[PDB]
Amino acid sequence: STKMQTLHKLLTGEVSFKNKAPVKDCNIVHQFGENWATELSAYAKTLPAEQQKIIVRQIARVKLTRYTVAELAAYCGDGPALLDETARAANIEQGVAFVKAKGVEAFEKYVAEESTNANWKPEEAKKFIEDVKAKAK
Amino acid sequence: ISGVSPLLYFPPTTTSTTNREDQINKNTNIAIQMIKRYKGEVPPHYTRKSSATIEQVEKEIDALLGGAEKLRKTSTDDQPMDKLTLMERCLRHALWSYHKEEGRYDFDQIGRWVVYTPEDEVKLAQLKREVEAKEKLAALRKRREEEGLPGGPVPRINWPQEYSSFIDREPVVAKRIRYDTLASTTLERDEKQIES
Amino acid sequence: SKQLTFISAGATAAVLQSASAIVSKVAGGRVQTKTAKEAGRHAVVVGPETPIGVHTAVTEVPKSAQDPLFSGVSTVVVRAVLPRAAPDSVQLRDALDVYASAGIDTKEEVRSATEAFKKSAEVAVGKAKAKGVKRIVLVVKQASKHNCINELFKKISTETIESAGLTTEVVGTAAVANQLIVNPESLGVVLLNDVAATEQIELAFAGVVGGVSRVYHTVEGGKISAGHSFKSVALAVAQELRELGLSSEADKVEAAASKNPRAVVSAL
Amino acid sequence: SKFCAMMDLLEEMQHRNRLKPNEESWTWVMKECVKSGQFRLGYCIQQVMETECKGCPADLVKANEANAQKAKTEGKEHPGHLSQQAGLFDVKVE
Amino acid sequence: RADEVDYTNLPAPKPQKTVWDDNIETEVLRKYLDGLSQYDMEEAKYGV
């Protein structure tokens, strides 16, 4: 009960972190868990409609916060709903340029190393490398 | 780096064609402008009363001091000097001040005939470090350029550790961006124009 | 007969071509569309980069183009823009901080910066008074490098605002950016000092809201529209046509932008 | 550090066990100094072999000099912070 | 049933000062490189 109450206050802005740090996707994951969104949506159903709407809106804004400011400015120019596709296309274009620049095997090792730091799932990394390779030809 | 990130990092070399020429040329434009402001205005023009070259003056000085060689006598640092020695010191001091302002740096003669006060000695020692260091830097960059290694400095970092040690990805990415551009770019001026 | 001045600052050719097609198809040829690098009125600037001749960089949340996520939000983000010199020349925002370290005199540059901040402060307080807010939020990057430009910015912005009778709250860049993206209803008027990070924050806010057109106030006196994406540029053109005295055309462009952001030209 | 361990081992052998190191032991030390690039320790070991033993393997002496030449030309003969000019009030006493 | 955890509490991001290789190029740029490291640490502490 306390965790959900704390999370609701945190998203609403009533409750601040110890060091007044920004409430991004990364910050929440380190305390409330990776799936903080899942345990919050179910809890919100036990609240009036107004609170439910606020929780949904705050969750959506937090997800948009998962990108850096530079990425948002470059890719979120034409709305947030189209942000994900635009960001994916730009990343794919970078992959194509990398492949055309320094071969494929190095790109394969590069993507694998990037997936390590990215915490990317192997399936997602494999899908990305296949997509960029297909885009090349 | 907590949480699954949206995108993978790729070298931010989108404008990889940062032609070394242009970067150096822009550096030249920046450097000259600041130097002009710091100094101020070009000093008012001066017309020479007599025409003579520095080489001719040096040759005349050597000829004048060459005849008076037997006449010269070893004098200790703590003994009164000879008229000959006084003339030699003055002439060489002026000549080597001119040469140090021109660019020729014979750090032995400039030491003997220009260094009197300990402050002067400190300034000379600083100059010797700068001249030799700049020179050896060019040699390092020369071999570096022949190898194709990035002209700019590269820090000794292990980014795989960096992502691991952080809790948010935004600052980590930015650091890669900054140091990637630093190494990607060149940091040298067109000294021909700087000296001019 | 009439003229619309298109400025390009770091914009891809695709966006500029899209803007030219939109104006030509909507206007119908009555108003010509000329391209330049500086203007004071009837001007649309395409691209993230700041054009030459703009001192204020205000942006708001238009009611018509509010994204469903950000419905009802009302906050005005004004970025102060110092005079822009040639790309090769050292910019004032950097000269004001590096010359002091090098010992060079910084009197004229300080005077120019002071004038720019005063104009930006006057714009910010006017917006705050119009909206009725009592306190504004100054944004200054807390990096050690920018320990002089921000100091002057705070010294002047607070002086002008306090003279006007409103309150000022100073904050950094990361905290304000997170608040503006997550909880923007708690900020009424936010001024931003002239830094690259602030420019990115302004663009991110203009895009996250759903795509809007920024307003630039120039030295000559006036307002010019600014966009960076297909939707933002389309809204910028629609506002510009409205200023020229075209209501139906402006509404059509706005409707097309709302419906089909990336392909407004074909949509309308 | 391999060199430190071997020197300590020799110290134990000569002092706390009363055994004189032979040529073989010193040669191993010299090889480690050459392999590790520590060209200054090689000079000291070179004299030690020339003093206690009968000279040094000329192969290793030349190699050690070669190591010195490399950083003699690379601007890494002395750590730079040491060579920085300092002053009475320009030194940071941690 | 005692206290479990302060979800509000967050471990501060422990900064690390960037270290440059000791070459002649570093000595010439010692002041400039040091400024970059200070800026990097300031960015890490504040966040951006």
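A few points about this structure:
- With Cα atoms, 0 to 90° folded angle of helix C:92-102 axis to chain C main axis: 20 degrees
- If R0 is taken as 60 Å, the Cβ-Cβ distance between D:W28 and B:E188 corresponds to a FRET efficiency of 0.80.
- The Cβ shell under 12 Å around A:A44 holds other residues with a net charge of +1, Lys and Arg each +1, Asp and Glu each -1.
- Only the Cβ atoms of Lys and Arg (+1) and of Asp and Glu (-1) were treated as charged; on that basis the dipole of chain B about its Cα centre amounts to roughly 240 debye.
- Helical mean residue ellipticity (222 nm; -39500 (n - 2.57) per DSSP H run of 4+; nearest 500) of chain C: -14500 deg cm²/dmol
- Stokes-Einstein D for segment B:1-82, Kirkwood Rh over Cα pairs, 37 °C, 0.692 mPa s (µm²/s): 154 µm²/s
- Whole-Å semi-axes of segment A:68-137's equivalent ellipsoid (Cα gyration tensor): 23, 14, 11
- The calculated pair-distance distribution of chain A uses every alpha carbon pair, bins of 10 angstrom beginning at 0, and gives 10, 31, 30, 19, 9, 1 percent.
- Percentage of interatomic Cα-Cα distances in segment B:111-164 larger than 17 Å: 62 percent
- Chain C, relative contact order [Cα under 8 Å, separation at least 6], %: 25 percent
- Charged-residue dipole, Cβ positions (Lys, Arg, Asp, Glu), the protein assembly as shown about Cα centre, Debye nearest 20: 1960 debye
- Chain B: angle of helix B:169-184 to the longest principal axis, Cα-based, in degrees nearest 10: 40 degrees
- Volume per residue of the convex hull around the Cα atoms, evaluated for segment A:1-67, comes out as 80 Å³.
- Loop-located trypsin sites (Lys or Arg not before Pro) in segment C:1-36 whose Cβ has at most 15 other Cβ within 10 Å (DSSP): C:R30
- Translational diffusion coefficient (Stokes-Einstein; Kirkwood radius from C-alpha pairs) of segment C:126-190 at 25 °C, 0.890 mPa s, in µm²/s: 195 µm²/s
- Ordered from longest to shortest, the equivalent ellipsoid semi-axes for chain E are 38, 11, 4 Å, each the square root of 5 times a Cα gyration tensor eigenvalue.
- Antiparallel DSSP beta bridges within chain C, as percent of all bridges there, nearest 5: 30 percent
- For chain E, the Cβ-based charge dipole about the Cα centre amounts to some 120 debye (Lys, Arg positive; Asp, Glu negative; other atoms uncharged).
- Loop-resident sites, segment C:61-117, for trypsin sites (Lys or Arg not before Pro), counting at most 13 other Cβ within 10 Å (DSSP): C:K63
- Computed across chain B, the Kirkwood hydrodynamic radius from all distinct Cα-Cα pairs reaches 22.8 Å.
- Note on the protein assembly as shown: dipole from Cβ charges, positive end direction compared against C:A80, C:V90, B:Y105; the farthest Cα belongs to C:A80.
- Percentage, to the nearest whole number, of Cα pairs in segment C:32-155 over 24 Å apart: 41 percent
- With respect to chain C, whose longest principal axis is taken over its alpha-carbon atoms, helix C:196-208 is tilted by about 40°.
- A DSSP coil position with no more than 13 other Cβ atoms inside 10 Å describes the following GluC sites (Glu not before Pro) in segment D:23-74: D:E52.
- When the protein assembly as shown is described by a simple charge dipole with +1 on each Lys and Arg Cβ and -1 on each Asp and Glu Cβ, the residue from B:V114, B:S16, C:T35 located farthest towards its positive end is C:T35.
- When the Cα positions of D:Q47, D:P57, D:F3 are compared along the charge dipole of chain D, D:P57 comes out farthest toward the positive end, with charges on each C-beta of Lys, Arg, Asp and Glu.
- Cα centroid separation, segment A:12-40 to segment A:75-137 (Å): 28 Å
- Zero-based 5 Å bins, Cα pair distances in segment B:61-144, whole percents: 3, 12, 18, 19, 16, 12, 9, 5, 3, 2, 1, 0
- Over segment C:224-268: Rg over Rh, Cα atoms, Kirkwood Rh: 0.95
- Calculated [222 nm] ellipticity per residue, helices only, for chain B: -19500 deg cm²/dmol; basis is -39500 (n - 2.57) per DSSP H run with n ≥ 4, divided by all residues, nearest 500.
- Dimensions (Å) - chain D, Cα atoms, principal axes, largest first: 51, 32, 21
- Spin-label model, A:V104 to B:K59: label points 7 Å out along the Cα-to-beta-carbon direction sit 7.3 nm apart.
- With q set to 0.12, 0.15, 0.18, 0.19 Å⁻¹, the log10 of I(q)/I(0) for segment B:98-196, from the Debye formula over equal scatterers at the Cα positions, is -0.66, -0.81, -0.95, -1.00.
- One quarter of the convex hull surface built on the alpha carbon atoms of the protein assembly as shown amounts to 52.7 nm², the projected area averaged over directions.
- Shielding score for C:87-93, defined as the mean number of other chain Cβ atoms within 10 Å: 3
- Per-q log10 I(q)/I(0), chain C, q = 0.08, 0.12, 0.14 Å⁻¹ (Debye; single scatterer per alpha-carbon; no solvent): -0.32, -0.73, -0.97
- Cut-off 11 Å (backbone N to label point 7 Å along Cα→Cβ of C:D105), residues of segment B:24-67: B:37-41
Here, each number is a calculation from the coordinates, and none is a lab measurement. Please note: Cβ atoms are built from the backbone with ideal geometry, for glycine as well, and neighbour counts cover all protein chains shown.
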